[PDB]
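Data block below; observations after.
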Amino acid sequence: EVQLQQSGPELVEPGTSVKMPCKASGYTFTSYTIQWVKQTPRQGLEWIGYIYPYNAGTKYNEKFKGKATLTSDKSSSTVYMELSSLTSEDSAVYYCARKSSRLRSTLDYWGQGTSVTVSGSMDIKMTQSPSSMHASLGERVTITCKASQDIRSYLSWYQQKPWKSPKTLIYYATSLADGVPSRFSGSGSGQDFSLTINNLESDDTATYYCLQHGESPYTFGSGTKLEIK
Amino acid sequence: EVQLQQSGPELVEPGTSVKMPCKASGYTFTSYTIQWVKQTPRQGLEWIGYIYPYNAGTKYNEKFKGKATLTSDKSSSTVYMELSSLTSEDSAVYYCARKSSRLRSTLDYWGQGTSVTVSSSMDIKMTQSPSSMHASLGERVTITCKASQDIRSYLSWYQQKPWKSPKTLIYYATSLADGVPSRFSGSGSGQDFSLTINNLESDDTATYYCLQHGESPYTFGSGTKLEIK
Amino acid sequence: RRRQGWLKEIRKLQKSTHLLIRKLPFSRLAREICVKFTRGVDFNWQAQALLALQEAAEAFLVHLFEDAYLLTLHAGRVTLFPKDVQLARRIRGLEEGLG
Amino acid sequence: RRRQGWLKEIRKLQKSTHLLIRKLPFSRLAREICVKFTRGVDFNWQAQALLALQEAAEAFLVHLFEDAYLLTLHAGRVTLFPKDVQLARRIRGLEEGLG
Amino acid sequence: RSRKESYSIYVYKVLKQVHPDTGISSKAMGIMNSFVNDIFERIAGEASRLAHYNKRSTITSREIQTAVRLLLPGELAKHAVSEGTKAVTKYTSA
Amino acid sequence: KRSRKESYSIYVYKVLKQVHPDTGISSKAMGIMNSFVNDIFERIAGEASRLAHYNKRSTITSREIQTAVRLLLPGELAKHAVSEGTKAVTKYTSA
Amino acid sequence: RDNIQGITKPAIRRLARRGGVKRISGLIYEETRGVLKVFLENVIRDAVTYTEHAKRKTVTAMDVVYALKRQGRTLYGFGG
Amino acid sequence: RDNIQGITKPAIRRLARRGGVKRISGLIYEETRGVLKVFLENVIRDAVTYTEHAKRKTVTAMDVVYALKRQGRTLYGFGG
Amino acid sequence: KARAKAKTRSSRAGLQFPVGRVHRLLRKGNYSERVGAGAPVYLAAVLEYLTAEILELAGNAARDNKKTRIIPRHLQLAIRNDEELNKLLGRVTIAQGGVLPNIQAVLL
Amino acid sequence: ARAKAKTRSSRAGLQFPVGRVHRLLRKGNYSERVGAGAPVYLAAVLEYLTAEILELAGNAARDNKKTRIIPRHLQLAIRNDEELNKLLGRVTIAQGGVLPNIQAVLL
DNA sequence: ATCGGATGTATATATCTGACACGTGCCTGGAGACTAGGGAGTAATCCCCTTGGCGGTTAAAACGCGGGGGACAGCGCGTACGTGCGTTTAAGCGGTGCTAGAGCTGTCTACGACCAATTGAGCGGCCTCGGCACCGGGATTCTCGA
DNA sequence: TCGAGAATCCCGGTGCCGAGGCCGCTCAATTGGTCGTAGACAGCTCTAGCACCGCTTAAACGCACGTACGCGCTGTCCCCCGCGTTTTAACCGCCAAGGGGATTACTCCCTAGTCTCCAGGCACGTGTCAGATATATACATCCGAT
């Protein structure tokens with residue numbers, strides 16, 4: 001299968017620089033961009049940037065210009081990320097995710113995560129209306145992701161169990177991802193979207209994020225933590 | 001058009017070597033073999049050999065094996081012929097002729113010849129049945145070229161004005177060459193072949209040769225001198 | 001005091017899209033090549049036909065120079081030689097190369 | 001006592017016509033490549049299918065080695081390097097090159 | 001003069017739905033027209049070859065699906081198969 | 001029960017027995033000659049089909065086959081194949 | 001033991017000597033295994049598509065011949 | 001002055017700089033003129049074969065597009 | 001004689017590309033003896049998807065150039081900067097498209 | 001009651017089947033109509049190309065002291081001819097081998 | 001590491017023209033509705049050919065080692081290519097004019113699809129001997145070392 | 001410039017299995033009429049391609065020169081090839097089983113075909129705004145000097 005082997009955690013001091021690899025396997029390495037996501041437990045998931053190894057073309061978030069630098073290596077099928085001038089704000093988990101160059105594709109496969117431990121208004125805000133909810137073991141659950149501007153259908157949904165990488169449930173606001181059962185169902189277009197889980201199981205307790213990728217900085221949702229009985 | 005420029009007349013002394021060029025133009029150089037014919041007024045026309053510049057592959061007449069050596073040059077589109085150990089029986093005109101690699105093709109275009117003057121058997125025999133003929137300016141002359149073993153229609157016909165290069169009339173024993181009027185018509189298959197000319201003129205005063213190319217040494221006929229009254 | 005301007009020339013030519021051979025020499029070169037196939041008869045040419053022929057010929061020549069310069073840099077040189085162009089035509093095959 | 005036998009090896013391998021890769025390693029390599037496309041289901045293979053696949057693969061590899069050795073001799077070397085194979089795959093294009 | 005059909009109005013409708021404030025020049029419209037004709041001929045020729053290999057007389061949506069799967073590389077084939085499948089399944093339920 | 005399974009083997013053998021009356025052919029080379037005949041048939045018929053479609057014709061005639069032979073075969077190969085096809089069409093029309 | 005290592009370096013050396021190569025770097029063998037795996041993936045994916053369209057579970061020689069023919073790599077001698 | 005000499009040294013130099021070539025030997029101009037002549041004979045012969053089959057005496061843009069398309073050199077933007 | 005008002009087959013499929021024209025071109029193009037009903041729908045959907053993908057990438061490339069109109073240069077930049085589209089249109093020349101600005105790194 | 005059946009191949013002087021080529025042109029989805037002289041022309045061209053390749057391969061077999069054409073002889077016949085190598089350019093002949101070609105700088 | 005000056009690159013403003021996007025009439029090609037028939041889906045059956053296993057043989061792969069061939073870095077020399085500048089010369093643009101030929105339309109007839117009956121050409125099955133691969137012994141020709 | 005050794009080539013004998021010939025049959029090609037339409041041909045109209053001329057101006061051309069760079073030579077060290085020994089796995093023969101390919105029969109749904117009718121799409125105008133070009137301004141970058 002597609003694996004994105006990421007390195008282990010670091011314990012560094014400020015002013016240092018860290019290179020974290022994202023050695024990929026199981027697919028044609030140049031055909032897919034490799035995205036980088038930062039997860040702090042204060043602001044949730046933030047999109048750093050990507051690199052397209054087909055032409056070494058990058059695009060960064062404006063919040064990470066100068067701080068992040070992406071390089072690729074076609075020989076080892078490896079993408080690196082440098083973090084220059086480390087502050088206390090830079091202590092998080094950094095996932096690398098594989099996204100195809102097609103516009104309706106989303107971040108399909110994620111790396112395990114690298115935990116770094118150190119010693120903007122014109123974007124699109126994703127507003128998840130329930131910040132948390134509690135559910136039974138077979139009833140209905142509906143999460144919404146009302147947007148700021150008009151993304152067309154470029155919205156995907158993710159499930160992240162704690163201390164694990166996020167898993168893609170739904171892309172293109174309705175289409176099921178690979179290996180996802182039909183209990184998950186997405187709807188909506190324009191500015192309001194919805195994710196419905198039809199018959200809850202014991203392992204459907206996680207945080208559920210929505211990601212838009214319709215405009216130039218990609219913005220995740222704030223999150224929705226679902227507990228069950 | 002297709003033209004094979006050849007060097008001028010050369011006077012030499014015995015014992016040495018001479019290398020004559022056959023600079024060709026007007027066609028793709030590697031697609032065609034370049035044949036070499038020697039014309040004495042003692043044995044008629046004799047086929048020396050060829051070189052195929054696509055792979056520099058040669059094939060010599062065993063009468064001239066060791067005596068001659070053909071080389072090519074793709075940069076200048078030139079074929080050379082070296083005549084080593086110039087004995088007194090080498091005083092002849094040496095034509096270079098272009099022939100396709102196709103089996104029914106014949107020696108289409110000829111060079112003007114280099115008159116080389118040195119200053120002192122399991123083959124196919126072509127027997128032209130008239131040796132000299134005379135006719136007025138309107139009747140019908142027929143020359144026959146009965147072969148010895150068997151040639152499956154691989155016979156061509158050439159005419160030669162005095163001190164000129166030969167010109168192709170018929171190939172594949174019946175087919176008209178390019179630019180030849182329909183007065184000339186060949187016929188025959190197997191071992192017996194014939195060329196008939198229908199309405200003679202004064203330009204039809206030449207020597208008429210038949211050439212077989214069905215077996216590995218190519219053999220010309222003895223010749224037939226047609227004089228128009 | 002002579003400065004190098006090959007880099008400025010490459011940077012402006014790689015962002016321009018216009019035709020690099022003049023139209024009137026290419027037109028009569030194409031007509032002279034055409035008269036040798038139509039048995040001496042001269043054919044007419046639409047203006048879009050000569051434009052399409054020139055766009056295809058210049059795209060072919062530009063892409064052949066890109067492939068032949070990789071052979072220049074492979075041999076340690078920086079100057080494009082005719083042996084680079086001949087080898088690039090040989091490796092491309094009979095259809096992408098020859099012709 | 002060591003004399004060169006690369007020339008004898010080249011001369012006998014260029015006049016032979018048999019397959020150079022052993023049949024059973026190629027067969028199980030092609031089967032494990034096939035099982036990654038058939039949703040984990042094992043497909044059957046005719047014997048002539050694996051023979052046709054091996055003939056095509058060996059002809060492809062021999063022609064790519066010829067094209068890459070032209071690049072080896074272009075650079076003045078006599079030893080075939082992986083950069084020669086990568087450049088020969090790049091110049092052949094997307095269809096004649098990769099894959 | 002004849003009628004001289006093209007794909008320009010459909011390409012323009014698709015452009016107005018993916019980029020509502022973007023126009024297109026007439027030279028780029030001719031390139032888009034040539035692209036649509038070329039991909040049509042590629043898919044239809046491959047589907048004709050697939051129907052002939054299996055001794056079938058009909059080109060169905062199954063032949064078009066496997067021709068799209070043979071001709072388009074990568075995720076392009078996956079999303080094109082998704083688009084064609086949803087169009088066929090909402091066409092038959094009408 | 002077994003099917004028809006047509007091939008060109010008897011015609012390739014008839015041609016070989018008149019260009020080389022004592023040479024034979026192996027069954028592995030006969031399959032290569034069969035693949036060659038099918039490939040050249042498909043090439044010429046596809047080019048003639050496209051030639052009839054470009055000119056808004058519905059019939060493939062011997063003119064389309066002649067033009068497809070001139071487009072596909074390189075060099076003197078096309079010249080001699082046009083000669084052979086024209087000779088066969090002339091002999092067929094007279095009989 | 002991987003199956004790509006069944007393409008041994010004597011076999012790669014024989015394929016190179018049939019291609020006329022005099023000396024071979026030691027890094028050629030992994031490059032050749034990668035090139036062969038890319039070629040086999042491209043051909044076998046199309047052959048499996050041809051097999052699955054016919055609703056068969058057996059890759060025939062005609063499927064391989066069609067998969068090669070649609071990539072500009074016509075093979076004579078296995079039917080068609 | 002032959003018509004192949006109308007493809008001047010600055011035009012060949014501009015075609016090479018668009019190809020990214022930094023330095024250019026003086027023997028490349030005759031090589032480029034020969035390559036351009038071979039390409040043009042191959043395309044123009046097929047385009048004339050398409051024109052003569054249509055019983056026309058005017059080479060159209062579609063004839064050039066078909067002549068390029070049958071050599072694996074599809075051109076967008078001139079019809080078809 | 002209660003004949004309903006005609007709905008195009010593009011509207012039943014939810015498409016912009018013409019299903020009836022694609023059906024006529026499939027029937028008159030000498031592809032098969034018969035054409036199924038779902039084949040022009042599937043083909044028109046695939047052609048609409050590919051056109052939309054190229055046009056959206058070219059509109060993004062035109063917006064990065066601060067242009068509001070797509071020219072052939074923007075289509076060339078959209079196609080050659082994408083590996084799958086460059087592989088699909090591999091042996092395709094786009095007129096007035098230019099080349100990618102690719103200078104070799106050993107020269108600088 | 002009717003005349004004796006003559007094949008269209010013997011009427012055209014061919015060894016290749018004119019009626020089979022006509023049926024393959026009708027059933028091959030090339031056009032809706034096929035002229036009467038089109039399978040004659042096509043069968044003549046196919047017979048010419050088959051005869052050219054078989055004669056070159058028979059000469060290559062006779063040069064190797066053999067009376068039977070194998071795939072190696074077809075490969076040697078095709079690759080030693082520029083027009084036939086250009087026609088079968090993207091064609092792999094199974095069990096045909098390669099041309100003996102060592103580069104001159106190695107010797 | 002720092003300072004001054006020419007200049008390439010990026011940015012805002014004007015203005016201008018021609019191409020693009022929109023509106024309209026019409027006509028022809030797509031849709032609606034209906035019928036007929038055959039292509040293909042599906043089920044059942046048969047046999048064939050693919051997979052799996054076992055045992056032994058032996059040729060090929062693997063491994064280690066040593067020597068020398070060759071890759072690569074550096075250096076010096078000479079030549080050929082870029083650059084700049086002044087002269088020249090053909091490309092291009094407008095403007096006119098002419099006419100060949102592309103494109104359309106109407107007539108008509110030859111030719112190809114179609115159909116039914118018949119037969120013989122080609123394909124499957126089978127049967128046999130000779131071309132070729134292999135093996136073993138003898139004549140011919142290049143090579144390192146005195 | 002020669003001598004044991006290696007390489008290559010030639011010739012006789014053996015066996016085998018595949019090429020080539022023969023026979024039965026069946027289905028696909030031939031024959032003989034019929035019918036309708038595709039295309040050949042004549043004629044006519046008008047587009048667009050060719051041909052010429054003046055003029056301008058940008059591009060090509062020629063030459064001189066400095067220096068960047070190709071190319072040959074040299075030395076070092078490292079890595080590839082040949083060789084000998086041991087390990088291993090491909091291969092071949094025999095055998096069994098069963099999955100699935102291929103064939104056959106039946107039915108019915110789907111698609112070609114026909115007629116009617118209307119609205120989608122195309123030619124044709126037409127007005128305006130996006131992009132090209134020119135100009136002025138500021139930001140940044142290299143080149144020389146220190």
Side-chain angles (χ1 to χ4, degrees), chain B residues 33 35-50 59-65 67-68 89 92 95 97 99-100 102-108 110 121-133 141-160 166-175 177 184-197 206-226, chain F residues 16-23, chain J residues 51-52 54-56 58-63 65 67:
Chain B
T33 81
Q35 309 281 325
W36 286 87
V37 191
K38 169 197 201 189
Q39 188 182 38
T40 69
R42 179 176 176 268
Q43 284 154 120
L45 297 149
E46 290 178 353
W47 176 78
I48 294 146
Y50 67 91
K59 168 178 297 177
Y60 299 93
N61 201 355
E62 66 287 341
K63 187 179 289 293
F64 293 88
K65 184 174 287 293
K67 189 68 178 292
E89 296 88 2
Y95 302 95
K99 182 193 179 301
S100 191
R102 317 265 52 81
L103 293 162
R104 84 173 49 179
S105 279
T106 193
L107 326 192
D108 318 301
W110 300 61
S121 64
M122 200 64 204
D123 293 333
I124 298 196
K125 184 68 179 294
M126 312 312 289
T127 61
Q128 299 203 46
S129 298
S131 297
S132 297
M133 293 181 74
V141 173
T142 294
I143 318 165
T144 58
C145 189
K146 185 178 185 294
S148 70
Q149 293 179 356
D150 181 52
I151 46 168
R152 32 173 193 269
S153 180
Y154 281 139
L155 185 131
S156 45
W157 285 97
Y158 300 93
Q159 90 165 1
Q160 195 187 17
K167 195 180 81 76
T168 318
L169 307 172
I170 304 293
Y171 70 100
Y172 204 45
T174 68
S175 299
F184 303 93
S185 70
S187 66
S189 86
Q191 294 200 33
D192 292 87
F193 301 89
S194 67
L195 176 134
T196 78
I197 310 168
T207 306
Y208 290 87
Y209 299 94
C210 45
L211 160 77
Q212 65 97 24
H213 48 276
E215 290 284 32
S216 39
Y218 301 160
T219 304
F220 288 86
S222 65
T224 286
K225 295 184 289 293
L226 189 73
Chain F
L16 171 68
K17 292 284 102 174
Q18 85 194 3
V19 309
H20 268 109
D22 289 299
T23 314
Chain J
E52 184 79 34
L54 280 178
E55 197 164 348
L56 291 177
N59 291 339
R62 197 199 46 233
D63 290 349
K65 307 302 162 323
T67 82

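All chains are named by letter (A, B, ...) in the order of the sequence lines, taking the proteins before the strands, and each is independently numbered beginning at 1.
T174(B) is linked by a side chain to side chain contact (heavy atoms under 4.5 Å, CB included) to nothing, counting only residues two or more places apart in sequence or in another chain. Contacts of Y60(B) classified as side chain to side chain donor-acceptor pair (under 3.5 Å), with partners at least two apart in sequence or in another chain: none. With sequence neighbours left out, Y208(B) forms a side chain to side chain donor-acceptor pair (under 3.5 Å) with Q159(B). Residues passing the side chain to side chain donor-acceptor pair (under 3.5 Å) test with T224(B), sequence neighbours excluded: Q128(B). Listed by chain and residue number, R140(B), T142(B), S185(B) satisfy the side chain to side chain contact (heavy atoms under 4.5 Å, CB included) test with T196(B) (two or more places apart in sequence, or in another chain). Partners of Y50(B) by ring-ring contact (aromatic ring centres under 6.0 Å, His included), not counting sequence neighbours: none found. Scored by the salt bridge (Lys or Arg N to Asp or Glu O under 4.0 Å) test, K67(B) finds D90(B) as partners (sequence neighbours excluded). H20(F) pairs by the ring-ring contact (aromatic ring centres under 6.0 Å, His included) definition with nothing, not counting sequence neighbours. Evaluation of the side chain to side chain contact (heavy atoms under 4.5 Å, CB included) rule for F193(B) yields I151(B), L155(B), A173(B) as partners, not counting sequence neighbours. Every residue two or more places apart in sequence or in another chain that forms a salt bridge (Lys or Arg N to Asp or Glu O under 4.0 Å) with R102(B) is listed here: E52(J), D81(J), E83(J). Under the rule for a side chain to side chain donor-acceptor pair (under 3.5 Å), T23(F) has no partner lying at least two apart in sequence or in another chain.
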I would like to know whether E46(B) and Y218(B) meet side chain to side chain donor-acceptor pair (under 3.5 Å); could you show each step before the answer? CA-CA 8 Å; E46(B) 290 178 353; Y218(B) 301 160; over 6 Å; no

Derivation of the side-chain contact (heavy atoms from CB on, under 4.5 Å) call for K167(B) and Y158(B): CA-CA 5 Å; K167(B) 195 180 81 76; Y158(B) 300 93; over 6 Å; no

Let me see the working for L54(J) and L56(J) under side-chain contact (heavy atoms from CB on, under 4.5 Å), right down to the final yes or no. CA-CA 6 Å; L54(J) 280 178; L56(J) 291 177; over 6 Å; no

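Within the structure, every pair that satisfies the salt bridge (charged side-chain N to carboxylate O under 4.0 Å, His left out) test and touches residues 141-153 of chain B, not counting sequence neighbours, is listed here: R152(B)-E55(J).
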